[PDB]
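Everything below concerns the one structure shown next.
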There are 2 protein chains.
Amino acid sequence: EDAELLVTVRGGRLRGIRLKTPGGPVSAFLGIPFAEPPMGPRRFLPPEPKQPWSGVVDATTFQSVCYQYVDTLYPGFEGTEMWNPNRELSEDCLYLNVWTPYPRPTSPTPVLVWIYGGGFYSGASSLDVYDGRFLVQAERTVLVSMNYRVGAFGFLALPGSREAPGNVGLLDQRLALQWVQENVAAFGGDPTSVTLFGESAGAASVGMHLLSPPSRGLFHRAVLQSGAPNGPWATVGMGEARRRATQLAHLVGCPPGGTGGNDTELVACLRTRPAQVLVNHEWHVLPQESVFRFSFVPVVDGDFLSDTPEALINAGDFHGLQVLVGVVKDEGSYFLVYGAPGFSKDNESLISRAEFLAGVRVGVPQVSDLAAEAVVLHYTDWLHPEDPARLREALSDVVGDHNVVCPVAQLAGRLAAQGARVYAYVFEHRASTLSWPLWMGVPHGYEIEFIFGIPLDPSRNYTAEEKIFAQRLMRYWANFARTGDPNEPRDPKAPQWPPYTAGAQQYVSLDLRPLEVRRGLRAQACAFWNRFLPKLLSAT
Amino acid sequence: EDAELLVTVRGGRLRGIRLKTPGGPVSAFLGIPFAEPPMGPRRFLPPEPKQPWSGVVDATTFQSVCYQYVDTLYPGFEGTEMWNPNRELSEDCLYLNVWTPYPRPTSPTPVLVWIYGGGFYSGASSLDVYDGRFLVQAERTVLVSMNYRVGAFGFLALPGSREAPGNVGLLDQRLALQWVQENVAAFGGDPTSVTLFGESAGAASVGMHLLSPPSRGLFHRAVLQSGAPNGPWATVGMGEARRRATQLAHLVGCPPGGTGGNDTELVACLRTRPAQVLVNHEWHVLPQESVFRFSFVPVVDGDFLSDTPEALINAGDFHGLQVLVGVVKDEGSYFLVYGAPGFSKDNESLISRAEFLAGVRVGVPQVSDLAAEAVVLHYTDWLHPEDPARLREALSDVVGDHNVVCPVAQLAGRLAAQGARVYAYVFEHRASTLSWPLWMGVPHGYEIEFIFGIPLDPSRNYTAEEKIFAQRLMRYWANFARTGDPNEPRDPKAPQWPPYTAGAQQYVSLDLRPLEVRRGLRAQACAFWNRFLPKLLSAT
Ligand SMILES: C=CC[N+](C)(C)c1ccc(CCC(=O)CCc2ccc([N+](C)(C)CC=C)cc2)cc1
Ligand SMILES: C=CC[N+](C)(C)c1ccc(CCC(=O)CCc2ccc([N+](C)(C)CC=C)cc2)cc1
C-alpha cells in the first residue's frame with residue numbers, strides 16, 4: 001500500500017485515494033468534514049467547526065450535495081444535467097475536498113480554492129467539470145474546494161434574530177477558508193499564498209470576502225469569472241429578505257394558525273418542515289417573473305457586509321491585491337430560455353419586435369416604464385428595428401451587460417484605481433462539444449471546463465487544439481496563483497497581458513488565437529448601466 | 001432697342017440687363033417691385049400687391065436689402081462677410097429678381113424659386129453666391145428670388161391683434177409666389193412646373209409653405225437644404241411671441257411710461273421708432289444665452305400654421321409631391337464660434353471636458369439637467385472621455401443633429417411614408433476656397449456656391465474637378481425641377497439615386513467621387529432626439 005494517502009489534520013486522520021490522469025497520478029482527499037452537520041436545531045444557523053474524530057475518516061469519495069433545487073427544464077439534456085447534483089441531497093453536506101500532487105510536494109505550494117456558483121440556490125463541488133485532477137497534475141498546485149449551504153438553507157435571513165441571521169452560506173465558505181489556514185500545510189500547501197477563485201454566484205462570493213474584514217485575512221489573491229458582488233442579483237435588502245422568508249414560511253404552513261409574530265416561533269416552524277418542502281416553494285417567493293433573479297441571496301446584514309457592496313467598493317483600500325476578472329462572450333444568452341418570451345433551445349429563437357419589448361420587462365425587472373424605454377433605445381438597431389436575428393442577439397446583450405459584464409467592469413475599474421493590480425479577460429472560444437444551440441454563442445459557465453483542464457480527459461471528444469488551449473489557460477491561472485501575474489513571467493515570445501487600468505481599460509481575448517489586447521469592456525453600453533441609468537430611477 | 005430686355009407684366013413695363021457667363025449670355029431682371037413699400041403705417045402688416053406703374057421700371061440692378069442685423073463677429077473675414085448685406089438697408093426692400101436664358105425660351109420652362117436663409121434675422125437675394133446666371137445659362141431654367149422681411153420687421157408677433165399679426169415675412173414670400181403665377185410666363189416660365197428650393201431658415205420657410213393650404217397651390221416641388229419647418233429654432237408659440245415683442249418694446253422706450261397695455265397703442269409706438277433702433281435690441285430679447293436660437297421667427301397663429309409644424313406633418317397627405325432634402329456633413333460647426341465656450345476660429349478649439357459640459361447647455365438650451373445628462377451620455381466616447389479633439393467633434397454633432405440633421409430625418413421619413421416621393425443627399429465636399437478653419441469640415445451653407453455654379457466663375461480660383469462637380473449638382477437640381485427625379489432621365493451609365501423611404505432609409509453622398517448610396521440618415525443618433533428625449537421631458 002501507499003503511505004502518501006494517510007494524512008493527519010487537526011481533527012484526526014484521513015485516508016485518500018490516488019487518481020489516474022494521462023500525465024501522472026494525483027492524491028485526492030474527498031469528503032473531509034470541516035463543520036458539524038447543520039441539521040435539526042442547527043438549520044439556518046452559522047456553522048461550527050468539526051469536532052475531532054477518533055479513528056480514520058474515509059476520504060476516498062465525494063460526499064453528499066447540499067439540499068437544492070434540481071433543474072427539470074430540459075430533462076436528459078447534457079447542457080442542463082451537467083450542472084445538476086451527482087450525489088444524494090442532504091443537509092449533512094459541509095464537506096471539502098483537497099487535491100495534491102504525487103509525490104507530495106516537499107516545499108510549500110500555492111493553494112487555489114474553488115467556490116462554485118449557481119445563483120446561490122444550486123451547485124456542488126462534486127461536479128465532474130469541477131474535477132481538479134488535471135490542474136493539480138499539470139501545474140503542481142494544491143486545489144481545495146468546499147460545499148456551502150445554498151438556497152433557503154444558506155441564505156434565508158430574518159435580519160435581527162439569533163435563529164436566522166442570514167449569510168450562513170457565506171459563513172460556510174469562511175469556515176472552509178479557516179480550515180485551509182490550519183490544515184493545508186499537511187498536504188504540502190502554502191497558507192501564505194491562498195488564491196480564491198469562483199464563478200457566477202461563486203465569483204460574487206469571492207467578492208463578498210474581499211469586502212469582509214474577517215474573511216480578508218484568509219486569502220491573498222482573487223479571480224472572479226462571470227460574476228461580481230455589486231451585481232443586481234447578488235444581494236438583497238433586509239426589508240425584502242424578511243418578506244421573502246415570511247412568505248416561504250406561510251407557503252409551508254408557518255406560523256400555525258395565526259400564531260404570535262415572534263421570529264423565534266417562525267424559525268421554530270421552519271426547522272420542523274422536511275427539507276424538500278422548503279425547496280418546493282423556493283421560486284414562489286419571487287416578487288415577479290424575471291430572469292437572473294433568485295429568491296435567497298446574501299443580505300446586507302451589517303455584520304458580514306457593513307454596507308451595500310456598491311458602497312464598500314467605493315471606500316475600500318485594495319493595495320497589495322492582485323485580481324483576475326473576466327467574462328464570456330455571450331453571458332446573458334443562457335438565461336433567456338428560462339422564462340423570456342419566444343426563446344427555445346431547440347429552434348433559432350427569431351423573436352419578434354413585441355417579444356423583444358416584453359423580454360426587457362423580464363430581463364430588467366423592477367424598473368419604470370421610462371427606464372425600460374432607455375434600455376430599448378440603447379440596444380435597438382434603428383436601421384433594422386425589426387430584424388429577428390438582431391433582436392435576439394440584442395436581448396442577450398441586455399441581460400449580459402445588466403447582470404454580469406457591466407457590474408464586473410465597474411468593479412475592475414474601481415479596484416485598479418484604489419491600489420489593486422487587476423487583469424481582465426474575455427473568453428471567446430466555443431467548445432466543440434457544446435450541446436447548446438448555435439445562437440447561444442459562448443454561454444454562461446462554459447469556460448470552466450477549459451480552466452479545469454477537462455479537455456485533457458481521454459474519454460472526452462475535445463480536439464487537439466482545444467487540449468493545447470486547455471494547458472495554456474491552466475498556465476495563466478496557475479501563474480497568477482504563484483506570482484500574482486498571469487505571465488510566465490518570461491516566455492518571451494508570448495504577447496504580454498497588460499493590467500486593466502481605469503483609463504486605458506485593457507483586456508485580452510482568450511481563444512485558439514494567441515493573446516490579442518483590446519480596449520474597453522463594452523464602455524459605451526456599460527456607461528448607460530453604471531452612469532445614466534441610476535440617475536434615471538433616482539430622479540423618479 | 002433689344003427686344004429681349006423689355007418685358008410687359010401685369011404691373012407695367014421693365015427693362016432688363018444682359019449678363020455674361022463663360023458659356024453664353026443671360027437676360028436678368030433685377031429689382032422688380034412685387035409689393036408696396038411696407039414703411040410707416042404698413043410696418044408689421046401683411047404685404048400689399050404692388051400698384052401698377054405708368055412708365056418703365058428700371059430692372060438692371062439689385063434693390064435695397066431689408067433691415068437686418070449685420071454680423072460683426074469677425075470683421076473683414078471672407079467667411080462671415082460673404083453673408084452680410086451688399087446693398088443699403090431700407091424698409092423699402094420687397095423686390096424680386098428673374099433670370100431667364102438668352103434667347104428667351106420659346107417653350108414653357110420650369111421655374112426655380114430661391115428663398116435665402118439666415119435664421120429669420122438676416123439674408124438677402126442680392127448676395128453674390130445667390131447669382132443664378134450660371135444655373136440659368138447651363139441648364140436653361142428660370143430662376144426667381146425675392147426679398148422677404150426679416151427680424152422684427154418680418155416676424156414680430158402680437159397674437160390676437162390686427163396691427164401685428166406675425167408671420168408677415170412668410171406672406172412676403174407667398175405674395176412673391178403669386179407674382180410668379182401671374183407674370184413668370186412673360187419671361188418664358190411654366191407656372192405648372194414650379195420648384196421651390198431654399199436653405200437654412202429658407203428651407204424652413206419652404207417646408208412651412210408645404211403646410212399652409214393657400215401657399216400649397218403656388219408650387220409643385222420643394223427642396224429643403226439644411227433646414228426643416230419642425231426644427232426647434234423655426235417656430236415660437238404665441239405666449240413667448242408676446243413676451244419677446246413686448247420686451248423689445250420696453251427696450252426702445254415703448255410703451256410711453258406708462259400707457260395702457262392694449263396692443264393697439266403699443267404697435268403705434270414701434271412704428272415711430274427708427275428701424276435701426278429696433279435692430280440694435282434684437283438679441284436682447286432672447287431668454288437664454290444659446291446658439292442656433294433666434295429672437296423673431298414664425299409663430300403658430302392658426303391663420304398661416306393651423307397647428308405646430310410637427311403636428312401638421314403627422315396628419316398631412318403628401319401624395320403627388322416630390323421633395324429633395326439633405327444636409328451638409330458638419331452642420332453644427334459654424335454655430336459653435338457664436339457663443340459656445342472654448343471655440344475660436346483662429347485655433348484648434350481643443351475644448352476641455354468642462355467646456356464640453358458647458359457647451360451642451362448652450363447648444364441645447366432650456367432642458368433639464370437629467371435631459372442634459374442624457375445628451376452627454378450619447379455623444380461621449382467613454383473609451384476616450386477627455387480627448388479634446390473628440391469632444392470638439394462631439395459638440396459639433398450635438399448642435400448639428402438637434403437643430404438640422406434629425407429634424408430633416410423626421411420630415412423625410414414622414415413624407416415618404418405618406419405618399420410623397422423623397423430623395424435625400426449628404427453634401428461631403430469641402431471647397432478649396434473655404435476660408436473657415438479645417439476643424440469645421442463642411443460647414444453650414446457651403447453647398448450653396450456649388451448649386452449656383454459659382455465655381456464656373458473665371459474670377460474665382462476653384463479647381464478644375466470642382467468646376468465639373470458644380471455642373472453635376474446643377475444637373476441633379478435641374479433634372480429634379482423638370483422631371484421630379486434627380487438622376488439623369490436617360491443615362492443607365494450614371495449611378496442611380498434611390499428614393500428615401502421610412503424603412504430602407506437610403507440617401508447618397510455628394511462629393512468629387514461618383515454617387516455612393518448609404519443607409520440611415522444618422523439613424524442611431526437621431527433616435528435619441530426624436531423618440532426618447534420627448535419622453536424624458538414629459539416626466540420632467
Ligand atoms: C422552467 C421553469 C423553472 N423555473 C422554476 C421557472 C426556473 C428555475 C430557474 C430559473 C433561473 C435559472 C438561472 O437563472 C440560471 C442560474 C445558473 C447560474 C450558473 C450556473 N452554473 C452552475 C454556473 C452553470 C451555468 C451554465 C447554473 C445556473 C428560472 C426559472
Ligand atoms: C458676438 C456677439 C454676436 N451675438 C450678437 C451675440 C450673436 C449674433 C448672432 C448669433 C447667431 C448666429 C447664428 O446662429 C448663425 C445663423 C446663420 C445661419 C445661416 C447663415 N447662412 C446665410 C446660411 C450662411 C451660413 C454660413 C447665416 C447665419 C449669436 C450671437
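Residues are named by chain letter and number: chains run A, B, ... in the order of the C-alpha cells, numbers start at 1 in each chain, and ligands are numbered from 1 in the order shown.
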Return as a tab-separated table the residues of chain B lying at most 10 Å from chain A, together with the closest atom-to-atom pair for each and the distance in Å to one decimal, counting only C-alpha atoms, with rows in chain order and ascending residue number.
residue	atom	partner	partner_atom	distance
B:370	CA	A:535	CA	7.5
B:371	CA	A:536	CA	9.8
B:373	CA	A:532	CA	7.3
B:374	CA	A:532	CA	7.0
B:376	CA	A:532	CA	9.4
B:377	CA	A:532	CA	7.0
B:378	CA	A:524	CA	8.5
B:380	CA	A:524	CA	8.6
B:381	CA	A:524	CA	7.2
B:382	CA	A:523	CA	5.8
B:383	CA	A:520	CA	6.1
B:384	CA	A:503	CA	8.2
B:385	CA	A:503	CA	9.2
B:502	CA	A:383	CA	9.8
B:503	CA	A:383	CA	7.8
B:504	CA	A:383	CA	7.7
B:505	CA	A:383	CA	7.7
B:519	CA	A:383	CA	7.6
B:520	CA	A:383	CA	6.1
B:521	CA	A:383	CA	9.3
B:522	CA	A:383	CA	9.5
B:523	CA	A:382	CA	6.0
B:524	CA	A:382	CA	6.0
B:525	CA	A:382	CA	9.4
B:526	CA	A:382	CA	9.3
B:527	CA	A:382	CA	7.2
B:528	CA	A:377	CA	7.4
B:531	CA	A:377	CA	8.5
B:532	CA	A:374	CA	7.1
B:533	CA	A:374	CA	9.6
B:535	CA	A:370	CA	7.5
B:536	CA	A:370	CA	7.6
B:539	CA	A:370	CA	8.7
B:540	CA	A:539	CA	9.4
Task: helix (DSSP H, G or I) call set, DSSP backbone run, region 156-187 of chain B, as number ranges by chain - done: B: 168-187
Using only C-alpha atoms, please write the residues we just selected to a file, as a PDB file, in the first residue's frame.
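So the final result, stored in again-v8.pdb, reads:
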ATOM      1  CA  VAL B 168     -45.705  88.780 -42.302  1.00  0.00           C
ATOM      2  CA  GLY B 169     -42.269  87.786 -43.586  1.00  0.00           C
ATOM      3  CA  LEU B 170     -43.793  84.497 -44.718  1.00  0.00           C
ATOM      4  CA  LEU B 171     -46.575  86.358 -46.543  1.00  0.00           C
ATOM      5  CA  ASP B 172     -43.973  88.371 -48.469  1.00  0.00           C
ATOM      6  CA  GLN B 173     -42.807  85.039 -49.898  1.00  0.00           C
ATOM      7  CA  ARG B 174     -46.345  83.891 -50.723  1.00  0.00           C
ATOM      8  CA  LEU B 175     -47.082  87.200 -52.452  1.00  0.00           C
ATOM      9  CA  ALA B 176     -43.912  86.741 -54.498  1.00  0.00           C
ATOM     10  CA  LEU B 177     -45.174  83.246 -55.350  1.00  0.00           C
ATOM     11  CA  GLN B 178     -48.482  84.686 -56.560  1.00  0.00           C
ATOM     12  CA  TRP B 179     -46.466  87.158 -58.646  1.00  0.00           C
ATOM     13  CA  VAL B 180     -44.771  84.174 -60.306  1.00  0.00           C
ATOM     14  CA  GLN B 181     -48.125  82.611 -61.217  1.00  0.00           C
ATOM     15  CA  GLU B 182     -49.357  85.768 -62.952  1.00  0.00           C
ATOM     16  CA  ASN B 183     -46.127  87.030 -64.524  1.00  0.00           C
ATOM     17  CA  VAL B 184     -43.496  84.296 -64.980  1.00  0.00           C
ATOM     18  CA  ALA B 185     -44.958  83.387 -68.383  1.00  0.00           C
ATOM     19  CA  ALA B 186     -43.744  86.737 -69.744  1.00  0.00           C
ATOM     20  CA  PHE B 187     -40.148  85.554 -69.191  1.00  0.00           C
TER      21      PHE B 187
END
Neighbourhood of ligand 1 at 10 Å, counting only C-alpha atoms and all ligand atoms, reported as a compact mmCIF listing (two decimals) with C-alpha atoms, in the first residue's frame:
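Just written: selection.txt:
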# COMPACT_ATOMS: atom_id res chain seq x y z
CA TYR A 69 -33.43 22.76 -6.42
CA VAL A 70 -32.91 20.37 -9.33
CA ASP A 71 -33.26 21.74 -12.85
CA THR A 72 -36.08 19.99 -14.74
CA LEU A 73 -36.44 22.38 -17.70
CA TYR A 74 -34.80 20.10 -20.30
CA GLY A 79 -26.35 21.14 -21.23
CA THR A 80 -28.50 21.30 -18.09
CA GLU A 81 -27.90 17.90 -16.46
CA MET A 82 -24.14 18.59 -16.26
CA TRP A 83 -24.82 21.16 -13.51
CA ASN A 84 -27.31 19.05 -11.50
CA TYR A 116 -18.71 27.07 -7.24
CA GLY A 117 -21.67 29.18 -8.29
CA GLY A 118 -25.28 28.57 -9.19
CA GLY A 119 -27.38 31.61 -8.32
CA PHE A 120 -26.94 30.88 -4.58
CA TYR A 121 -29.59 28.14 -4.93
CA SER A 122 -27.65 25.25 -6.51
CA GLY A 123 -24.20 23.83 -7.11
CA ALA A 124 -21.80 21.26 -5.68
CA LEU A 127 -19.47 18.00 -10.36
CA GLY A 198 -15.14 31.33 -8.20
CA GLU A 199 -17.68 31.68 -10.98
CA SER A 200 -21.19 33.19 -11.31
CA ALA A 201 -22.56 33.15 -7.73
CA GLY A 202 -19.13 31.91 -6.65
CA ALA A 203 -17.33 34.87 -8.22
CA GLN A 225 -15.25 34.63 -13.51
CA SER A 226 -18.55 35.99 -14.86
CA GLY A 227 -19.71 37.49 -11.57
CA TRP A 233 -28.78 39.80 -8.37
CA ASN A 280 -40.58 23.06 -3.44
CA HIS A 281 -41.52 26.68 -2.63
CA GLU A 282 -38.22 28.48 -3.27
CA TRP A 283 -39.39 30.01 -6.55
CA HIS A 284 -42.85 31.00 -5.27
CA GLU A 289 -41.45 36.84 -13.24
CA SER A 290 -37.84 37.57 -14.17
CA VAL A 291 -34.59 36.02 -15.34
CA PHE A 292 -31.27 36.12 -13.46
CA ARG A 293 -33.11 36.80 -10.18
CA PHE A 294 -33.03 34.47 -7.18
CA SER A 295 -35.09 34.07 -4.03
CA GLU A 331 -23.23 35.95 -20.91
CA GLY A 332 -26.98 36.59 -21.00
CA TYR A 334 -28.12 31.18 -21.36
CA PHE A 335 -30.74 32.79 -19.10
CA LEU A 336 -33.21 33.57 -21.90
CA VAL A 337 -34.54 30.01 -22.27
CA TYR A 338 -35.55 30.19 -18.59
CA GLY A 339 -38.64 32.36 -18.99
CA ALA A 340 -38.04 35.03 -21.62
CA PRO A 443 -22.82 30.80 -22.87
CA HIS A 444 -22.52 31.31 -19.13
CA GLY A 445 -20.29 28.84 -17.30
CA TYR A 446 -18.60 27.15 -20.28
CA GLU A 447 -15.07 28.38 -19.69
CA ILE A 448 -14.85 26.28 -16.51
Task: Residue contacts of residue 454 (chain B) (12 Å, only C-alpha atoms) excluding same-chain residues fewer than 5 positions away, as a PyMOL selection string - done: chain B and resi 21-22+127-135+138+431+433+446-449+459-463+466-471+473-474
Task: A:54, A:90, A:259, A:308 ranked by distance to residue 12 (chain A), top pick (using only C-alpha atoms) - done: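 Between A:54, A:90, A:259, A:308, the residue approaching residue 12 (chain A) most closely is A:54.
The spacing separating CA of residue 426 (chain A) from CA of residue 391 (chain A) amounts to 22.7 Å.
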Task: Separation of CA of residue 206 (chain A) from CA of residue 166 (chain A), in Å and rounded to one decimal - done: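 Computing it gives 17.2 Å between the two atoms.
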Open item on the list: Need to verify the contact set: residue 413 (chain A), 12 Å, only C-alpha atoms, exclusion of same-chain residues closer than 5 positions in sequence. Can you return it as a VMD selection string?
Closed with: chain A and resid 313 to 314 323 325 406 to 408 418 to 424 499 to 507 520 to 521 523 526 530
TODO: Could you give me, as a list in words, the residues within 9 Å of residue 429 (chain A), counting only C-alpha atoms and dropping anything in the same chain fewer than 2 positions from it?
DONE: residues 328, 329, 427, 431, 441, 442, 447, 510, 511 and 512 of chain A
Keeping only N, CA, C and O atoms, write the selected residues as a compact mmCIF listing (two decimals), in the first residue's frame.
# COMPACT_ATOMS: atom_id res chain seq x y z
N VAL A 328 -17.46 35.76 -20.32
CA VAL A 328 -17.54 35.02 -21.57
C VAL A 328 -18.18 35.92 -22.62
O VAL A 328 -18.68 37.00 -22.29
N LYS A 329 -18.16 35.49 -23.88
CA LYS A 329 -18.60 36.36 -24.97
C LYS A 329 -20.09 36.67 -24.87
O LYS A 329 -20.51 37.82 -25.02
N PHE A 427 -13.53 35.62 -22.53
CA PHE A 427 -13.48 34.28 -23.10
C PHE A 427 -14.32 34.24 -24.37
O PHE A 427 -15.52 34.54 -24.34
N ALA A 431 -16.66 25.68 -27.14
CA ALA A 431 -16.18 24.31 -27.15
C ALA A 431 -16.89 23.50 -28.24
O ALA A 431 -18.06 23.72 -28.53
N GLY A 441 -23.95 31.15 -28.69
CA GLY A 441 -22.59 31.65 -28.71
C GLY A 441 -21.71 31.00 -27.67
O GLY A 441 -21.57 29.77 -27.64
N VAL A 442 -21.11 31.81 -26.80
CA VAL A 442 -20.30 31.31 -25.69
C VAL A 442 -21.08 31.53 -24.40
O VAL A 442 -20.97 32.61 -23.79
N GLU A 447 -16.52 28.29 -19.72
CA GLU A 447 -15.07 28.38 -19.69
C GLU A 447 -14.48 27.54 -18.57
O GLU A 447 -13.26 27.34 -18.53
N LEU A 510 -9.45 35.40 -25.01
CA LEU A 510 -8.93 34.05 -24.83
C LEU A 510 -9.65 33.11 -25.78
O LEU A 510 -10.86 32.87 -25.63
N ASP A 511 -8.92 32.58 -26.76
CA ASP A 511 -9.45 31.58 -27.68
C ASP A 511 -8.26 30.81 -28.26
O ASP A 511 -7.17 30.82 -27.69
N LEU A 512 -8.47 30.16 -29.41
CA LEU A 512 -7.39 29.41 -30.03
C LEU A 512 -6.28 30.32 -30.54
O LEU A 512 -5.11 29.92 -30.56
TODO: Write out as a PyMOL selection string each polymer residue whose atoms come within 12 Å of residue 305 (chain B), counting only C-alpha atoms; drop sequence neighbours fewer than 2 positions from it.
DONE: chain B and resi 166-167+170-171+205+207-215+229-230+235-238+298-303+307-313
Task: Gap from CA of residue 529 (chain B) to CA of residue 402 (chain B) - Å, one decimal - done: 6.6 Å
Open item on the list: Would you pick out the contacts of residue 355 (chain B) at 12 Å or less, using only C-alpha atoms, so that residues sharing its chain but fewer than 6 positions from it are not included, and give the list as a ChimeraX atom specification?
Closed with: /B:336,339-343,349,361-363,386-388,391-392,394-395
Can you spit out the residues from that selection as a CSV table (one decimal), in the first residue's frame, using N, CA and C atoms?
chain,number,residue,atom,x,y,z
B,336,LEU,N,-20.8,77.1,-33.5
B,336,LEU,CA,-20.1,77.0,-32.2
B,336,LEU,C,-19.2,78.2,-31.9
B,339,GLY,N,-20.7,81.7,-29.5
B,339,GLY,CA,-21.1,81.8,-28.1
B,339,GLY,C,-20.7,80.5,-27.3
B,340,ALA,N,-20.4,79.4,-28.0
B,340,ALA,CA,-20.0,78.2,-27.2
B,340,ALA,C,-18.6,78.4,-26.6
B,341,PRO,N,-18.5,78.0,-25.3
B,341,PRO,CA,-17.2,78.3,-24.6
B,341,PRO,C,-16.0,77.5,-25.2
B,342,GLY,N,-14.9,78.1,-25.3
B,342,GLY,CA,-13.7,77.5,-25.8
B,342,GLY,C,-13.5,77.4,-27.3
B,343,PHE,N,-14.5,77.8,-28.1
B,343,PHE,CA,-14.4,77.7,-29.5
B,343,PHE,C,-14.0,79.0,-30.1
B,349,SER,N,-9.5,74.9,-31.3
B,349,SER,CA,-10.7,74.7,-30.5
B,349,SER,C,-10.7,73.4,-29.8
B,361,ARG,N,-25.1,72.9,-22.6
B,361,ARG,CA,-26.2,73.8,-22.1
B,361,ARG,C,-26.4,75.0,-23.0
B,362,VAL,N,-25.5,75.3,-23.9
B,362,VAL,CA,-25.7,76.4,-24.8
B,362,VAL,C,-26.2,75.9,-26.1
B,363,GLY,N,-25.7,74.7,-26.6
B,363,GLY,CA,-26.2,74.1,-27.8
B,363,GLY,C,-27.6,73.6,-27.7
B,386,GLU,N,-12.0,62.3,-22.3
B,386,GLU,CA,-11.5,63.7,-22.1
B,386,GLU,C,-10.6,64.1,-23.3
B,387,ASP,N,-10.7,63.4,-24.4
B,387,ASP,CA,-10.0,63.8,-25.6
B,387,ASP,C,-10.5,65.1,-26.2
B,388,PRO,N,-9.7,66.2,-26.2
B,388,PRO,CA,-10.2,67.5,-26.7
B,388,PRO,C,-10.7,67.4,-28.1
B,391,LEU,N,-14.0,65.6,-28.2
B,391,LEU,CA,-15.0,66.4,-27.6
B,391,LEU,C,-15.5,67.5,-28.5
B,392,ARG,N,-14.5,68.1,-29.3
B,392,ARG,CA,-14.9,69.1,-30.2
B,392,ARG,C,-15.9,68.6,-31.3
B,394,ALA,N,-17.7,66.1,-31.0
B,394,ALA,CA,-18.9,65.7,-30.3
B,394,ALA,C,-19.9,66.8,-30.2
B,395,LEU,N,-19.4,68.0,-29.7
B,395,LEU,CA,-20.3,69.1,-29.5
B,395,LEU,C,-20.8,69.7,-30.9
Task: strand (DSSP E or B) positions in region 45-210 of chain B, given as a PyMOL selection string - done: chain B and resi 49+56-58+60+65+89+95-101+109-115+142-146+189-199
